[PDB]
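Structure first, commentary second.
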Amino acid sequence: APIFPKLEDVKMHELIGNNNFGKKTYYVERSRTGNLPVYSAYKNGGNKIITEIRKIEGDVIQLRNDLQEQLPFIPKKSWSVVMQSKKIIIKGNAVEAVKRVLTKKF
Amino acid sequence: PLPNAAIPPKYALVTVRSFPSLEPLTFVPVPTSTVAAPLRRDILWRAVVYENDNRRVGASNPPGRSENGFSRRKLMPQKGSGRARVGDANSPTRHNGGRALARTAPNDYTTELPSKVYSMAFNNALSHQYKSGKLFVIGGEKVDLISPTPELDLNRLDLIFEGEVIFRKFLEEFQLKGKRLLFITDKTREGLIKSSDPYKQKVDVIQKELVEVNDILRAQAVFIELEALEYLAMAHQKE
Amino acid sequence: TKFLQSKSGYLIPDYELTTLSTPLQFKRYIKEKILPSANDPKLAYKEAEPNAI
Amino acid sequence: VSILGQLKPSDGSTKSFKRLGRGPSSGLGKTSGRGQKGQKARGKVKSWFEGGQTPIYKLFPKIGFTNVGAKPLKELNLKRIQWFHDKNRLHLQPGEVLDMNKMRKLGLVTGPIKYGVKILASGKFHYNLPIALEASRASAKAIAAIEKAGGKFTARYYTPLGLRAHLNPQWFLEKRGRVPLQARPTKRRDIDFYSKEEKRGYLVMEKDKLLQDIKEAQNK
Amino acid sequence: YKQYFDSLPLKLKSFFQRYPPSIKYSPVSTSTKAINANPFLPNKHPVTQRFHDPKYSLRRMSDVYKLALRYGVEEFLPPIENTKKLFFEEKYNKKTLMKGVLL
Amino acid sequence: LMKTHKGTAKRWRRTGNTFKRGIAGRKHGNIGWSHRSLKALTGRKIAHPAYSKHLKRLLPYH
RNA sequence: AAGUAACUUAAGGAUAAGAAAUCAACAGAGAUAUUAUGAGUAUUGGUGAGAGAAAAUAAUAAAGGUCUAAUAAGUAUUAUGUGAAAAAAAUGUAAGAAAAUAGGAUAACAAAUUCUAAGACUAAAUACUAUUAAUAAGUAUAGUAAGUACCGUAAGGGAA
RNA sequence: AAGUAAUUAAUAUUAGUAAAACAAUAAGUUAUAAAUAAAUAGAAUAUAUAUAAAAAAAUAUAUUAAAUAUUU
RNA sequence: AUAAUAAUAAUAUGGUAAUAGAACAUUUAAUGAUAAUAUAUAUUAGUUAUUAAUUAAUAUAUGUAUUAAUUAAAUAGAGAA
Ligand SMILES: [Mg+2]
Ligand SMILES: [Mg+2]
Ligand SMILES: [Mg+2]
Ligand SMILES: [Mg+2]
Ligand SMILES: [Mg+2]
Ligand SMILES: [Mg+2]
Ligand SMILES: [Mg+2]
Ligand SMILES: [Mg+2]
Ligand SMILES: [Mg+2]
Ligand SMILES: [Mg+2]
Ligand SMILES: [Mg+2]
Ligand SMILES: [Mg+2]
Ligand SMILES: [Mg+2]
Ligand SMILES: [Mg+2]
């Protein structure tokens, strides 16, 4: 309810630099509706079909690696991460698989 | 499973102060989204540019061959002269004439931006400022203070007139004489503005609701009320 | 932290305060950052050129 | 110093626009992409001009008409409802009937609703919610599915104004401390539809007065 | 009670000011110069038998009635019955459906 | 602002991506021709790619 | 193109419009003015070129309702000739009604709704000028001279 | 001394959000279901189903939807 | 699993109309140190694969850049009327 809680409410491990979140870890936020931010996209005039994993906090590279480990049948060279907006683009339309891989952790 | 799947830190501490000097009274935990957002400069750029566009006056009004003063008379007959063909004396081809593709009266340079994006940009700016360490929050009445607010100094962001002198002293103390600063205020602190107006060139004093991303970014050091900050956070929330 | 600031003379950025979780750490940070500029004055950080060397 | 003088847009966002008539090496030199000497090269010729051969528009016969009496309904699939339920974004113990208004409140049916909602059976095989549903109508299959689920569908009639009132009577209340009552059907077709049993209409499922009145009239 | 009255909409108040409930205005048409003459009805002038157009144009009257209904004060207005305008629930009740609907 | 070419609208109708239209050639002069042959001249037909662009420009809101 | 340019006439600080013989659809709204949406939708066109509403919801707005008619015929209406590319309201020529138990509104009729013509007043939002204040990714060939020099009989043109 | 502006439309790229998006006063726009001139019709590997012409119902033609899971 | 630079092998590098990609000059706005030993413009001679910029000398300003750089834009480049 309140935008800023009182000092007593917040614990020490909920502040910055106290989780060790920067060092090789990541987190995928769910959407407003509460769904996994994995989407299909039809680029270049509906002709190429890619998938896009969005709301990622932390090391995207690590996340990508983990995903690859989970589902190895998607070739390694078809995993294109963009660093400016931190999202990882997969060549095929493999959304469902990605979602499956995700849900079980967060 | 997915290893390395941590939970993110959701809060960040901003030390509340007292504005004539700046003596730290309390820590306040503000959410990570409004003060520790990763620096996405492209988002910022989108905002700033947009703001600039909206700020334009757009008064470029040269005369086209229609608005230019001359008559419509054909200066020379079509043939018989041995010269090049001529129409009216308003052609942009001739020195006295109108301008080709003239821009006319109020030019509209205004652009759109999704509200959410703008909010994000604002948040990002704030985060950047905080990271720099040039964000200073001032407040007292609303939160429990650890150290007690000192005497001769209040938490309102307010002050020959004496106030001006005090302001000058503060500036001297804080090594921020020449640099530009931005006071984000919950209400019209008239006294403060009066005090500052000698240093008007380098001082922005802004009401809460009218603060701009550009203004924050421009400012070398920002001073904001706690309440104002809260309001801002609420505005540019996320949901 | 407040005490440290007051004794020191130099105030610490709030981000730093948020981050560092031990006195030793704080000391280390101080050593890294504010000590060198105190000894050598022209080695200090002028904002106009942040990429200064 | 400040970040303000070192901001760039995102890679791929912006291109240089093509500058015509600005020297040969640029690529769009003198003729500036127009070629030579045509009508096109200076004057304007409508892009879709056909040369004087009868155009694609003028060749073919004009066909059909727009039914202005038509009212296109927003379609809503059982599947979507089921999904919503699964998610837990569907709160129906308070209001036992899931009406159009309720749907819109939920998100269930989004955007504006002009005429009404038709329920459709997309995920009938996986639908199982014992719920009272109300909408402007439903496909037979959908209805069947609902009945199987142990649910209860009825198809109601709403005129535009009536529909609006239904969707948010709060506004109406704010305006003139009242909600406008529901209009009866008047178009014969509409009346017929609501009478029909198989369509699951609100005239026979509620046993309305209007039908009775009509019957009486017929008798006398 | 006075306060409550004051709170009421402006138009209604205005109406009350010139046509108060102290007097009982005739249901049916009347002389135009009688003091129990209904504003809402087309009354007739004695000299020259000419029906005067209602002192309240129909729309205005309707509006007034609606306002009254909203704040319960229907009975303190003069009676509308002889104008063919009915309102809301009563109208709904008493409506004979059209020939086209019935058969 | 820009507006639909009404003639085109009257002739053509939007079906997913493309547009449909009535076959030309059936209005009159039909006798003597085999009715099995004239079956082909009835019914709708889909827009040729060649002219899709033109159609699009004609009816920007369909 | 366009009821635009132009010519002509008349008023005012503004003018026009304005409290429904209006819209709507059997549920309703409630003066005008003009901006978003509706909508380039309905409507319409040598069905070419093209033209194109209204209801409704929002803003802007002001106290916005209020009698000054003994309540209105050569008027409504009809016929005929004209008449805002889509929606009439107007109008020349002759025929020519009715009392609220009555009129108008829809190709037509039957139901039902709604309004009351032939009497009126009306701030505010708006247009244009002039001044002041502010803001200029506006102008020094859009930076004050001059409507001068000069050109033409003249209207008129017009420098540095 | 010469490719500009306004109001729109369609494509692309990138960003924001995402089964929703923009706007969030209420509306409204696009997406979420294809089809038909129009109508009270409308989705489980396809060989099942939806709409159109046809019809008792299929077939046949066109386009669509449909494959321990997490909707497009 | 990137970028920058350098290698090795290979293939490719004429071009009107035209399409695509990348830069520079000029001017304005946002941010912005600095300094008469500095700067701006000009001439001459150098330098960097060079429409540009820089170095040295020289001449004229000027108590001094809308200066470097990133954005935003353009009355943004002329032997062809
Ligand atoms: Mg070329
Ligand atoms: Mg040729
Ligand atoms: Mg040529
Ligand atoms: Mg050509
Ligand atoms: Mg007037
Ligand atoms: Mg008047
Ligand atoms: Mg016109
Ligand atoms: Mg009368
Ligand atoms: Mg009247
Ligand atoms: Mg002379
Ligand atoms: Mg080449
Ligand atoms: Mg030029
Ligand atoms: Mg030259
Ligand atoms: Mg040359």
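Chain labels A, B, ... are given in the sequence in which chains occur in the structure tokens; within each chain residues are numbered consecutively from 1, and ligands are likewise numbered from 1 in the order shown.
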#### Entry: Contact residues around residue F:15 with only C-alpha atoms (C1' of nucleotides) at 9 Å, ignoring same-chain residues under 3 positions, as a list in words
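Near residue F:15, the qualifying residues are residues 18, 19, 20 and 46 of chain F; 35 of chain H.
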Would you export the selected residues with N, CA, C and O atoms (P, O5', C5', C4', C3', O3' and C1' of nucleotides) as a PDB file, in the first residue's frame, please?
ATOM      1  N   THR F  18      -6.300 -10.056 -48.652  1.00  0.00           N
ATOM      2  CA  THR F  18      -6.524  -9.667 -50.023  1.00  0.00           C
ATOM      3  C   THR F  18      -7.921  -9.114 -50.170  1.00  0.00           C
ATOM      4  O   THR F  18      -8.666  -8.986 -49.204  1.00  0.00           O
ATOM      5  N   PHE F  19      -8.281  -8.797 -51.402  1.00  0.00           N
ATOM      6  CA  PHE F  19      -9.617  -8.364 -51.689  1.00  0.00           C
ATOM      7  C   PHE F  19     -10.324  -9.293 -52.672  1.00  0.00           C
ATOM      8  O   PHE F  19      -9.724  -9.887 -53.570  1.00  0.00           O
ATOM      9  N   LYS F  20     -11.637  -9.388 -52.517  1.00  0.00           N
ATOM     10  CA  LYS F  20     -12.453 -10.148 -53.455  1.00  0.00           C
ATOM     11  C   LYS F  20     -13.281  -9.225 -54.351  1.00  0.00           C
ATOM     12  O   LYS F  20     -13.526  -8.066 -54.021  1.00  0.00           O
ATOM     13  N   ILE F  46     -10.343 -13.519 -56.367  1.00  0.00           N
ATOM     14  CA  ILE F  46      -9.382 -12.833 -55.512  1.00  0.00           C
ATOM     15  C   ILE F  46      -8.495 -11.929 -56.354  1.00  0.00           C
ATOM     16  O   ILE F  46      -8.251 -12.191 -57.532  1.00  0.00           O
TER      17      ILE F  46
ATOM     18  P     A H  35     -11.399 -14.623 -43.986  1.00  0.00           P
ATOM     19  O5'   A H  35     -12.867 -15.205 -44.202  1.00  0.00           O
ATOM     20  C5'   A H  35     -13.056 -16.413 -44.960  1.00  0.00           C
ATOM     21  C4'   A H  35     -14.510 -16.826 -44.977  1.00  0.00           C
ATOM     22  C3'   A H  35     -15.464 -15.956 -45.785  1.00  0.00           C
ATOM     23  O3'   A H  35     -15.353 -16.186 -47.187  1.00  0.00           O
ATOM     24  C1'   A H  35     -16.477 -16.585 -43.741  1.00  0.00           C
TER      25        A H  35
END
#### Entry: Surrounding residues as a VMD selection string, ligand 14, max 9 Å, only C-alpha atoms (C1' of nucleotides) and all ligand atoms
(chain D and resid 23) or (chain I and resid 78 to 79)
### Message
From a backbone DSSP assignment, name each residue in chain E labelled helix (DSSP H, G or I), as an MDAnalysis selection string.
### Response
chainID E and resid 2:7 10:18 58:70 88:94 99:102
### Expected answer as number ranges by chain: chain A residues within 10 Å of chain H, only C-alpha atoms (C1' of nucleotides)
A: 31-33, 35-40, 43-45, 85, 96-97, 99-100, 102-103
#### Entry: Environment of ligand 12 within 9 Å, counting only C-alpha atoms (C1' of nucleotides) and all ligand atoms, reported as number ranges by chain
H: 1-2; I: 75-78
With N, CA and C atoms (P, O5', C5', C4', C3', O3' and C1' of nucleotides) kept, could you save the residues just selected as a PDB file, in the first residue's frame?
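In the end it all went to part.pdb:
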ATOM      1  P     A H   1      19.847  30.647 -51.373  1.00  0.00           P
ATOM      2  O5'   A H   1      19.214  30.419 -52.817  1.00  0.00           O
ATOM      3  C5'   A H   1      17.889  30.883 -53.093  1.00  0.00           C
ATOM      4  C4'   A H   1      17.472  30.515 -54.490  1.00  0.00           C
ATOM      5  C3'   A H   1      17.645  29.056 -54.892  1.00  0.00           C
ATOM      6  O3'   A H   1      16.600  28.216 -54.422  1.00  0.00           O
ATOM      7  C1'   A H   1      18.476  30.432 -56.609  1.00  0.00           C
ATOM      8  P     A H   2      16.786  27.375 -53.080  1.00  0.00           P
ATOM      9  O5'   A H   2      16.151  25.965 -53.454  1.00  0.00           O
ATOM     10  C5'   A H   2      14.724  25.806 -53.513  1.00  0.00           C
ATOM     11  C4'   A H   2      14.355  24.623 -54.372  1.00  0.00           C
ATOM     12  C3'   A H   2      15.143  23.345 -54.101  1.00  0.00           C
ATOM     13  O3'   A H   2      14.405  22.570 -53.166  1.00  0.00           O
ATOM     14  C1'   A H   2      15.241  23.886 -56.417  1.00  0.00           C
TER      15        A H   2
ATOM     16  P     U I  75      14.101  24.904 -42.543  1.00  0.00           P
ATOM     17  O5'   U I  75      14.705  25.273 -43.966  1.00  0.00           O
ATOM     18  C5'   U I  75      15.710  26.287 -44.030  1.00  0.00           C
ATOM     19  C4'   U I  75      16.230  26.449 -45.432  1.00  0.00           C
ATOM     20  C3'   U I  75      17.736  26.627 -45.499  1.00  0.00           C
ATOM     21  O3'   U I  75      18.233  26.338 -46.797  1.00  0.00           O
ATOM     22  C1'   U I  75      16.690  28.706 -45.880  1.00  0.00           C
ATOM     23  P     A I  76      18.791  24.882 -47.131  1.00  0.00           P
ATOM     24  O5'   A I  76      19.771  24.585 -45.913  1.00  0.00           O
ATOM     25  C5'   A I  76      20.952  25.375 -45.703  1.00  0.00           C
ATOM     26  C4'   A I  76      22.185  24.498 -45.738  1.00  0.00           C
ATOM     27  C3'   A I  76      22.344  23.617 -46.971  1.00  0.00           C
ATOM     28  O3'   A I  76      22.947  24.323 -48.042  1.00  0.00           O
ATOM     29  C1'   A I  76      22.717  22.324 -45.034  1.00  0.00           C
ATOM     30  P     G I  77      22.615  23.912 -49.538  1.00  0.00           P
ATOM     31  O5'   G I  77      24.050  23.875 -50.225  1.00  0.00           O
ATOM     32  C5'   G I  77      24.929  25.015 -50.177  1.00  0.00           C
ATOM     33  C4'   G I  77      26.364  24.571 -50.325  1.00  0.00           C
ATOM     34  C3'   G I  77      26.754  24.036 -51.697  1.00  0.00           C
ATOM     35  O3'   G I  77      28.134  24.281 -51.938  1.00  0.00           O
ATOM     36  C1'   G I  77      26.970  22.314 -50.117  1.00  0.00           C
ATOM     37  P     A I  78      28.594  25.607 -52.699  1.00  0.00           P
ATOM     38  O5'   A I  78      28.002  25.396 -54.158  1.00  0.00           O
ATOM     39  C5'   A I  78      28.332  24.224 -54.919  1.00  0.00           C
ATOM     40  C4'   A I  78      27.924  24.424 -56.353  1.00  0.00           C
ATOM     41  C3'   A I  78      28.283  25.792 -56.939  1.00  0.00           C
ATOM     42  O3'   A I  78      28.797  25.662 -58.260  1.00  0.00           O
ATOM     43  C1'   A I  78      26.001  25.352 -57.270  1.00  0.00           C
TER      44        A I  78
END
### Message
I want to know what sits within 10 Å of residue I:65, based on only C-alpha atoms (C1' of nucleotides), with residues of the same chain fewer than 3 positions away left out; could you give that as a PyMOL selection string?
### Response
chain I and resi 34+39-40
Could the residues in this selection be saved with N, CA and C atoms (P, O5', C5', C4', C3', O3' and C1' of nucleotides) as a PDB file, in the first residue's frame?
ATOM      1  P     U I  34      37.362  26.153 -16.732  1.00  0.00           P
ATOM      2  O5'   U I  34      38.534  26.294 -17.800  1.00  0.00           O
ATOM      3  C5'   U I  34      39.628  25.359 -17.839  1.00  0.00           C
ATOM      4  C4'   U I  34      40.285  25.378 -19.199  1.00  0.00           C
ATOM      5  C3'   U I  34      40.859  26.719 -19.625  1.00  0.00           C
ATOM      6  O3'   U I  34      42.162  26.866 -19.067  1.00  0.00           O
ATOM      7  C1'   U I  34      39.626  25.748 -21.413  1.00  0.00           C
ATOM      8  P     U I  39      44.726  27.688 -29.049  1.00  0.00           P
ATOM      9  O5'   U I  39      43.627  28.651 -29.679  1.00  0.00           O
ATOM     10  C5'   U I  39      42.258  28.512 -29.280  1.00  0.00           C
ATOM     11  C4'   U I  39      41.429  29.683 -29.751  1.00  0.00           C
ATOM     12  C3'   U I  39      41.171  29.777 -31.242  1.00  0.00           C
ATOM     13  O3'   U I  39      40.315  28.748 -31.725  1.00  0.00           O
ATOM     14  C1'   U I  39      41.523  31.935 -30.353  1.00  0.00           C
ATOM     15  P     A I  40      40.485  28.192 -33.218  1.00  0.00           P
ATOM     16  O5'   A I  40      39.830  29.349 -34.095  1.00  0.00           O
ATOM     17  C5'   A I  40      38.469  29.763 -33.861  1.00  0.00           C
ATOM     18  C4'   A I  40      38.150  31.015 -34.645  1.00  0.00           C
ATOM     19  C3'   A I  40      38.639  31.044 -36.089  1.00  0.00           C
ATOM     20  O3'   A I  40      37.746  30.350 -36.951  1.00  0.00           O
ATOM     21  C1'   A I  40      39.211  33.072 -35.032  1.00  0.00           C
TER      22        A I  40
END
Select, as a PDB file with C-alpha atoms, in the first residue's frame, those residues of chain A with any atom no more than 10 Å from chain C (distances computed using only C-alpha atoms).
ATOM      1  CA  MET A  12      18.975  -6.077   5.318  1.00  0.00           C
ATOM      2  CA  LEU A  15      18.580  -3.712  -0.217  1.00  0.00           C
ATOM      3  CA  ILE A  16      21.149  -3.321  -3.008  1.00  0.00           C
ATOM      4  CA  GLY A  17      24.508  -5.127  -2.840  1.00  0.00           C
ATOM      5  CA  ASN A  18      23.311  -7.513  -0.109  1.00  0.00           C
TER       6      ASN A  18
END
